[PDB]
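**Q** quick check, what structure comes out for this input:
(3 chains, ligands or ions: 13)
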Amino acid sequence: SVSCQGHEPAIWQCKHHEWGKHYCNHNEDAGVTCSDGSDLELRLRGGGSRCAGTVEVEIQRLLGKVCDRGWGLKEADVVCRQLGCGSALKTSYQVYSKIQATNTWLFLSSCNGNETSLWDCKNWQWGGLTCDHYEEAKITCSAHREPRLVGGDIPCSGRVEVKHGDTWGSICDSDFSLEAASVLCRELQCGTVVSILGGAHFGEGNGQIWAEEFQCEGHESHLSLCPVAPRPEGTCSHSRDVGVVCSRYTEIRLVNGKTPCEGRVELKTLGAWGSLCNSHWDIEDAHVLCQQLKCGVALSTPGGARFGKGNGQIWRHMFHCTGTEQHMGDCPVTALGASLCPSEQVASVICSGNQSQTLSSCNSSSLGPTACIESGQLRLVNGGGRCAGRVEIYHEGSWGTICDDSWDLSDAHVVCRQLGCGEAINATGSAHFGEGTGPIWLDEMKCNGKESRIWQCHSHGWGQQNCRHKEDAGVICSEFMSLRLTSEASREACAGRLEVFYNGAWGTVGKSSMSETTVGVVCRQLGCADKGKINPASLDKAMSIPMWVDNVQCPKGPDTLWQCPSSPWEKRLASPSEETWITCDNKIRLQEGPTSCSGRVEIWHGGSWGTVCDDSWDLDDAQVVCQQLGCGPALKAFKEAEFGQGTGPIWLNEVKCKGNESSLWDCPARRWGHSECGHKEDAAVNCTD
Amino acid sequence: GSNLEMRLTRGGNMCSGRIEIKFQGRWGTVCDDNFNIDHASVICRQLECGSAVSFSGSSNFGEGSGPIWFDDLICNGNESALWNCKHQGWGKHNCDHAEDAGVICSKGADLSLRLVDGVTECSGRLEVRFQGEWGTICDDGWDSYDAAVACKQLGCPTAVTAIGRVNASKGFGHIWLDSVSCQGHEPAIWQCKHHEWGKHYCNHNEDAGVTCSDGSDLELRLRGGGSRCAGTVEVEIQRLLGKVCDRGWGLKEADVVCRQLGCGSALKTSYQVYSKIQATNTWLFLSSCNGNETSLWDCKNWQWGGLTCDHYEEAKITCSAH
Amino acid sequence: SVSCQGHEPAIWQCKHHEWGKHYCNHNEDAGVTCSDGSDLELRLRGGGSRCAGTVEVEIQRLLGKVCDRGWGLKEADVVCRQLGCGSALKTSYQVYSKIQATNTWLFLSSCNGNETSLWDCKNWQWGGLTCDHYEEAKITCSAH
Ligand SMILES: *[C@@H]1O[C@H](CO)[C@@H](O)[C@H](O)[C@H]1NC(C)=O
Ligand SMILES: *[C@@H]1O[C@H](CO)[C@@H](O)[C@H](O)[C@H]1NC(C)=O
Ligand SMILES: *[C@@H]1O[C@H](CO)[C@@H](O)[C@H](O)[C@H]1NC(C)=O
Ligand SMILES: *[C@@H]1O[C@H](CO)[C@@H](O)[C@H](O)[C@H]1NC(C)=O
Ligand SMILES: *[C@@H]1O[C@H](CO)[C@@H](O)[C@H](O)[C@H]1NC(C)=O
Ligand SMILES: [Ca+2]
Ligand SMILES: [Ca+2]
Ligand SMILES: [Ca+2]
Ligand SMILES: [Ca+2]
Ligand SMILES: [Ca+2]
Ligand SMILES: [Ca+2]
Ligand SMILES: [Ca+2]
Ligand SMILES: [Ca+2]
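**A** Residues are numbered from 1 along each chain as shown, chains lettered A, B, ... in the order given. Ligands and ions are numbered 1, 2, ... in the order given. Now the structure:
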């Protein structure tokens, strides 16, 4: 029990007990290890790289390990920081080799987590103790498998590349999957995954092609936390590089501001820098912009042009933000047919700059006629758009519906105007948009139509109702749009006239300024295919409906037509030579074959191409595939990847076609799921020319 | 040059371990990249130990990087020494991780094949001892030719060799071998061409297996019908009963069964149910028959167990002599 | 490893392992709770009546809950009978309101089912551990 302050000349000068009498045992004997600090080294061994494995220490040319008695993520962070491998993620790893056994151990008391090196942690013991009920300490830092995207114009699209040590290599499209894509867009903070594009869509890489597959479940926050399955080498070439498109494609910056936190809002689309205008720009949108830019919360949005107006370009996008979103790419945005706005009106925002503030809801709903988000939240569910669906309200930490009784247009007007959806066209009841789950918060609502919020209406009370779930209220608002392709044969098809449903009315789209990006967006939005072409006008036109919108220009990144800039809405009677007719490409494809009717079966669904597993594959199934492409009767139904390996996910599994189905979609099978089938089992067919 | 000497370290044996070369009086550990099976053969031939069965990257540590005298070498595999072939660098290297390239020569390697989880000795799963760990074999690429080599090596009757495991539920461990390609005359399984050790495209569910048998242990009969010429197909091999799954069941293969039973040609694939039949777990899978074979045992690549068919059902047949 | 029969005059008198420094890798520190039998109270909250909800235990004015390690209809029968609400039917309840959060927990070994009160079951532990893979104990008695 020697007690030394740290400046005594010798040990016996210190406080201690009587010489010769102690309760100690010879097992607990004291020693020291004095060092220049030259000989101390740290390593990770057995994990697949230098940033994963078992922590190995070598102090004065003696090898040891660290006992995990008090090992946590705070202590692991210091080691990963010391090695330069980023922050620690988990206290385990996936083994790749075997590491030799040593007898010596290193013991740690505790670390604050901000130390630069492990040797700076207080009271670490080298040897003198054995730990047998515990194991060694293992880490997996965040630089184990660092991903990146390259080769894309928009911020969150490009070629997938992962760093192995200090080199970057490409990935073949047979190894990537939809679950691994979710962990890659999420890790890079790019939101959800929109599409997977193989075959060197963004160009080819040079230097390395990693031969491994990530077995990701889909919820991991890093690619390092995901198991990796080694695969045979040389199975792919650089023409098979994989690429991804995530959902955060928006570019917003603040310019002409004295400080970086405040300035004039600017947006980049179609390759030009322009400024938004003040209409439909609110504090909720400004809160999200400041949070994304990491400035904090927005004090106010100056009117007029406080920071001036630069450049001739004006962008008329409208963002409908709740205020809780972290990125402007999460906010619903519509730019189709947006009205012109004067050059004087330009959006601005002045953020606090503290970066420490975090905002949340304040006070309560306060039912009754009359830096925090509103307590009551409104949303529309299951309507096919943001401006149609079943009305729901957030109260006491739950989402609840509104009773059909005494629900009319006057009650609907305040619902549509509060959400930024314009006026109300319909007020539907009796579960038109489906049955709801949860409490019925309101009943017998009576509104004059001039109110601001729904809780300002006269109602019986919060949760006081005699209703059932089959009578749930819904609205259809004025600013609600749907899209379809109309032909003579069918109202909805993959070829026909393009019609836009706006203000409760249908109408056509002008053909001028149509591009391949614009035609592709329509085909992907409707679910037909990935690309398309505009054919001349057909022989018959139905009802000669008036033209709604024109000059539609679609950038790269949107998957719906509502986000494409255009000219303002204008209902005009127009000749059939101006209306747009579009034919989409085939949803099924045969690839890697000597003849067009023989090859590997691919189907397009959910934004990306995919293959079909060969279990339950027969000739009757092959009959449908040859029928859909227009080929002749099938010769044989190949199995086990005869023609090659497939790209993308695996959509259809356990296919049982009756033999007379028009398309593979009508056949009963496991549809749009995550089966166990691998790409080695994709099916192929051969058809007569 | 002849001044260089190559030694193997950290493997526990002379013939297996990490490659070390002495240049200018210092040891060096060659980096793994550009390591072809030709160089593994040459290195095992330089030491005169034998052929090379594995070329593992071993501990690939950037820390403590040592200069490499023979890096990014290219060779045809016919030369007796590494320096004989064309060289890229001398004394240095441009390598990303991949340190301590190690080889495992055949003579120093200890490899064995055993059968386990079977009704008899010559039946069940196949396991391979690779460096002391027992590992399974992936069934992808398993045919009757690969079974014949395995039966000879295991010392079993080779009159009739059938793929598949009769009752082994699953295997635990590594999958050492995948896509074994034997011509049927090789002495051992590993002597044939296959994927690199450890690399596999499959799970532990599809483990390989053989059923070596001379004959008279497998009998075919029809049950549950009006007579012996109509009813469900029931097969019993080594006194283990089973039924045939109808994944590829047609009038061509059913004709072989009826002809084998002496019941004439095949009329229908169903029958009238007179009595019930007890259920059996194990299923017999056959790919396809030409209708010329005298018995089912003459059809190629018939697999006895190892897969399940939940969506399909048992095979049935009604012959003409009903 | 203190082993006593309940009649010894002190802890060191009854058979214990030895006097020495112990690591106790798997176990924790020992403690007791001595009571006259009046401070302990049991009640059910959040269920829409006194006979349904989440079992809330208050001992010496400390509010806590009961872990469901050994919770079953046989153990819940003691609680319903002790409260006087009949017999236990279901180990759940229909929610009517929200309940407070308490750090303390109660752990039960087993109850024969015929005990008059929960304070008569053998070897019940008041605090000292935590429940991470388990939840609170909820019952619905018959007289609900
Ligand atoms: C780490 O944090 C502790 C606790 O706040 C503080 O005393 C110490 O100075 C910090 N060290 C460094 C290097 O910032
Ligand atoms: C909405 O109201 C319009 C105008 O009366 C009517 O034609 C249409 O059928 C209504 N739709 C629904 C879904 O109620
Ligand atoms: C399969 O059954 C046989 C007897 O028919 C038995 O010896 C063997 O152990 C069984 N296998 C398994 C994996 O249970
Ligand atoms: C059956 O036909 C095949 C294919 O022509 C032929 O090779 C074989 O010899 C025939 N078998 C008999 C028993 O005639
Ligand atoms: C409860 O039942 C058990 C088991 O039969 C019995 O030993 C015990 O004495 C009973 N308790 C009372 C208080 O009757
Ligand atoms: Ca807004
Ligand atoms: Ca009603
Ligand atoms: Ca009303
Ligand atoms: Ca009512
Ligand atoms: Ca089928
Ligand atoms: Ca297989
Ligand atoms: Ca083979
Ligand atoms: Ca005791």
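**Q** tell me how many other residues surround residue B:276.
**A** By other Cβ atoms under 10 Å in any protein chain shown, 8 other residues sit near residue B:276. C-betas here are computed from N, CA, C, even on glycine.
**Q** quick one: contacts for the residue of chain B found nearest ligand 12?
**A** Among residues of chain B, the one nearest ligand 12 by Cβ to the ion turns out to be residue B:141. It sits 4.2 Å away. Taking Cβ atoms under 8 Å, 6 or more residues apart in numbering or on different chains as the definition of contact, the neighbours of residue B:141 are B:178-181.
**Q** cool, residue A:470 as well?
**A** A:430-431, A:435.
**Q** at 6 Å what do you get?
**A** When the contact criterion is Cβ atoms under 6 Å, 6 or more residues apart in numbering or on different chains, the partners of residue A:470 are residue A:431.
**Q** any idea how far ligand 12 is from it?
**A** In this structure, residue A:470 and ligand 12 are separated by 62 Å, where distance is defined by Cβ to the ion, to the nearest Å.
**Q** again with residue A:405
**A** 73 Å.
**Q** what's the helix or strand for that residue?
**A** Per DSSP states H and E, residue A:405 falls between elements, in no helix or strand.
**Q** can you check residue A:517 too?
**A** Under DSSP H and E, the secondary-structure element containing residue A:517 is helix A:516-526.
**Q** name the residues of that helix that are buried.
**A** A:517-524, A:526 (16 or more other Cβ atoms under 10 Å in any protein chain shown).
**Q** next: stretch B:105-114.
**A** Applying 16+ other Cβ under 10 Å to stretch B:105-114 flags B:105-109, B:113 as buried.
**Q** dump the residue contacts of the closest residue to residue B:95 other than its chain neighbours.
**A** Spatial nearest neighbour of residue B:95, excluding adjacent residues (Cβ to Cβ, 6 or more residues apart in numbering or on different chains): residue B:31 at 3.4 Å. By Cβ under 6 Å, 6+ apart, the contact list for residue B:31 reads B:68, B:71, B:93, B:95, B:98-99.
**Q** of those residues, closest to residue A:206?
**A** Of all the contacts of residue B:31, the one sitting nearest residue A:206 is residue B:95; the distance, using Cβ to Cβ, is 17.7 Å.
**Q** find the nearest non-adjacent residue to whichever residue of the stretch 201-350 of chain A sits closest to chain B, please.
**A** Distance from chain B to each residue of the stretch 201-350 of chain A (Cβ to the nearest Cβ) is smallest for residue A:232, at 4.9 Å. Leaving out its chain neighbours, the residue that sits closest to residue A:232 by Cβ to Cβ, 6+ apart is residue B:199, at 4.9 Å.
**Q** what about residue 264, how many residues nearby?
**A** Defaulting to chain A. 22.
**Q** nope, chain B please
**A** The criterion is other Cβ under 10 Å. On that basis, residue B:264 has 14 neighbouring residues.
**Q** how much space between the closest residue in space to it that isn't next to it in sequence and residue A:93?
**A** Closest residue in space to residue B:264, ignoring its immediate chain neighbours: residue B:320 at 3.5 Å, by Cβ to Cβ, 6+ apart. Using Cβ to Cβ, to the nearest Å, one gets 66 Å for the distance from residue B:320 to residue A:93.
**Q** between these two, who's got more neighbours?
**A** More crowded of residue B:320 and residue A:93, by other Cβ under 10 Å: residue A:93, with 22 against 12.
**Q** in a helix, the more buried one, correct?
**A** No - under DSSP: H, G, I helix; E, B strand; the rest coil, residue A:93 falls outside any helix and is assigned coil.
**Q** that one contacts residue A:47, correct?
**A** Yes - using Cβ atoms under 6 Å, residue A:93 is in contact with residue A:47, at 4.2 Å.
**Q** list residues touching both of these two?
**A** Shared between the contact lists of residue A:93 and residue A:47 (criterion: Cβ under 6 Å, 6+ apart) are residues residue A:53.
**Q** ranges for the helices of the chain?
**A** Just going to use chain A. Taking DSSP state H as the criterion, chain A carries its helices at A:73-83, A:178-187, A:283-292, A:409-418, A:516-526, A:619-628.
**Q** meant chain B, my bad for not saying
**A** In chain B, helices defined by DSSP H lie at B:37-46, B:144-154, B:251-261, listed in chain order.
**Q** now the last one: buried residues?
**A** By neighbour count, with 16+ other Cβ under 10 Å as the criterion, the buried positions of helix B:251-261 are B:253-259, B:261.
**Q** I'd like to know which elements it is packed against.
**A** Counting contacts by 3 or more Cβ pairs under 6 Å, 6 or more residues apart in numbering or on different chains; DSSP states H and E, helix B:251-261 is packed against strand B:266-268, strand B:316-319.
**Q** contacts for the last one, please.
**A** Applying Cβ under 6 Å, 6+ apart, the external contacts of strand B:316-319 come out as B:229-230, B:232, B:254, B:257-258, B:263-264, B:266-268, B:270-271.
**Q** as CSV, those residues with distance to residue B:155 would be great.
**A** Output for these, formatted as CSV (distance: Cβ to Cβ, whole Å):
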residue, distance to residue B:155
B:229, 40
B:230, 42
B:232, 37
B:254, 37
B:257, 33
B:258, 37
B:263, 39
B:264, 42
B:266, 40
B:267, 45
B:268, 45
B:270, 44
B:271, 43
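**Q** return the member of the residues you listed nearest to ligand 7.
**A** Of the contacts of strand B:316-319, the one sitting nearest to ligand 7 (Cβ to the ion) turns out to be residue B:270, at 55.8 Å.
**Q** mind listing what the closest one touches?
**A** Applying Cβ under 6 Å, 6+ apart to residue B:270 gives the contacts residue B:316.
**Q** and it, how far from residue B:314?
**A** 11 Å.
**Q** and for residue B:149?
**A** Using Cβ to Cβ, one gets 32 Å for the distance from residue B:149 to residue B:314.
**Q** again with residue A:672
**A** According to Cβ to Cβ, residue A:672 stands 32 Å off from residue B:314.
**Q** so for these two, which sits in the more crowded spot?
**A** Between residue A:672 and residue B:314, counted using other Cβ under 10 Å, residue B:314 has the larger neighbour count: 20 against 12.
**Q** got a list of what that one touches?
**A** B:232, B:243.
**Q** how about the residues of chain B by ligand 3?
**A** Taking Cβ under 6 Å from any ligand atom as the criterion, chain B approaches ligand 3 at residues B:117, B:119, B:167-169, B:240.
**Q** which two of those have the greatest separation?
**A** When the residues of chain B next to ligand 3 are compared pair by pair using Cβ to Cβ, the two farthest from each other are B:169 and B:240, 14.7 Å apart.
**Q** done for today, thanks.
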